[PDB]
């Protein structure tokens, strides 16, 4: 069976090898290094691929899985908020998906600022938060939506749709059903916003680095990878893209930890099996 224990073992084997090869070394040329001074990485074991880095002062990466273009990042540190907001505005972000739990955000020891559920000022940038709709994803998992309006003197004001799942604890994986529903909501939200920019003739439509959904949890490697994998399988242009391809691409373009837990990988495998999508490359 293409989805049996033999195939699953082989997939794990290949992915394990890749994670080790991608392990970060001292002053690794493959990973973004702190530009001296403030901290760059929220975790010293979760690095940012240099060649695909979005900004020199952020732990965030451009990722393309098959034809699906996104941005994956860590939860921004307090000192990185101004840069985070500027990145969101310049990207003409069609949707920001936050998968960090309200419990993590509320834990002061974790240093995860609640930057999207309240308004505030960050350097020269002012942000307004407004609540919008709420969509149930199943199993009690809720998606709370907001709109973040980013203002800065001399810059165009940009509003960003936010999808926040506050009940998805770290080191865990929600069901394939919930994940599929989440991916559909995130893609739909982005499509509506992207279309608006196209109707206004935005120049971002011609920039491969812009109009990308932005997704993050705490480290930007577990929950974030599970959602990105589900999103690429929701892309009608990715026929024949294998699970091996998906995970190898996320790892090579961010870090070797993408898709951390085995249960998270199982969700991607289950979603693939439902589509008759291959797990391995021949």
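Positions refer to the first chain, counted from 1.
- Mean CA B-factor, 200-208 versus 88-96: the higher value falls on 200-208.
- For the segment pair 182-190 and 136-144, the entry gives 136-144 the higher mean B-factor, averaged over Cα atoms.
- Of the candidates 42, 251, 216, 30, it is 30 whose Cα B-factor is highest according to the PDB record.
- Of the candidates 127, 77, 162, 153, the one whose C-alpha carries the top B factor in the deposited record is 153.
- Per the deposited record, the Cα B-factor of residue 220 falls in the lowest third when ranked against the other modelled residues of its chain.
- Among the modelled residues of the chain, residue 265 sits in the middle third by CA temperature factor in this PDB entry.
- Looking at the C-alpha B-factors along this chain, the one for residue 258 belongs to the lowest third.
- Compared with the other modelled residues of the chain, the Cα B-factor recorded for residue 173 ranks in the highest third.
- For residue 241, the recorded CA temperature factor ranks within the middle third of the chain's modelled residues.
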